[PDB]
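**Q** Fold the following for me, if possible:
(4 chains)
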Amino acid sequence: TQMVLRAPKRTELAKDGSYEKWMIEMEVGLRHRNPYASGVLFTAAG
Amino acid sequence: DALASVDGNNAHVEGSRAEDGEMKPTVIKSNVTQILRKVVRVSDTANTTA
Amino acid sequence: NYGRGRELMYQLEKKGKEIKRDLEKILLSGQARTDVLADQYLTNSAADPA
Amino acid sequence: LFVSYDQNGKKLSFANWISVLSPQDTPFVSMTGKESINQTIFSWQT
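**A** Numbers count the residues shown, from 1 in each chain, chains lettered A, B, ... in the order given. For reference, the structure is listed below:
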């Protein structure tokens, strides 16, 4: 269940002269209810 | 126009003020037309014959 | 331009899609931990800015 | 840097809906049957 605190927004960045900047934000987050509930299998040859 | 390449691992400080980020422009793909022609010439006697 | 009425919204949609892809990639990446910028979390009372 | 992680409050919220389902029923061992006795030892004949 990927939990997003800050949804994608749109704002302006620091001074940029006449560049007319734009910036989008977010907040990375992921929760795993129980570790052994999901498994992983890496690849390897003989 | 395509999008950016594989992103990720671009860890940056909150107040880093990145270098305006990157991006890629578009591309123009041009072609050309072609003319197809067909001629026909028939006499009036042959146009009237049954 | 011809195929673009305005560049700002175009680049904004491009960046939205790019950040979505970046998130989906980083959430399924496999790199290791690298000493998070924290200041001895779990009683990090004495922070260390600068 | 100024990570700005001071936030002496530290609400420390947690998400509801644990959604735990791991069962360990083993019914057949509860259905094989049961017989009451009155001694610590039981003997049968063959």
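**Q** how about the nearest residue to residue C:7, chain neighbours excluded?
**A** Nearest in space to residue C:7, with sequence neighbours left out and distances taken as Cβ to Cβ, 6 or more residues apart in numbering or on different chains, is residue C:1 at 7.6 Å. All C-beta spots, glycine's among them, are computed from the backbone N, C-alpha and C.
**Q** helix or strand for the one you found, which one?
**A** Remark: residue C:1 resides in no helix or strand, with elements defined by DSSP states H and E.
**Q** now it: how far from chain A?
**A** Separation of residue C:1 from chain A (Cβ to the nearest Cβ, to the nearest Å): 17 Å.
**Q** now swap in residue C:8 and tell me
**A** From residue C:8 across to chain A, the span is 7 Å (Cβ to the nearest Cβ).
**Q** ok, that residue touching residue A:22?
**A** Yes: counting by Cβ atoms under 8 Å, residue A:22 is a contact partner of residue C:8 at 6.9 Å.
**Q** Quick check: residues of chain C near chain B?
**A** Chain C comes close to chain B at residues C:3, C:11, C:14-15, C:17-19, C:21-22, C:25-26, C:29, C:31, C:37, as judged by Cβ under 8 Å from any Cβ of the partner chain.
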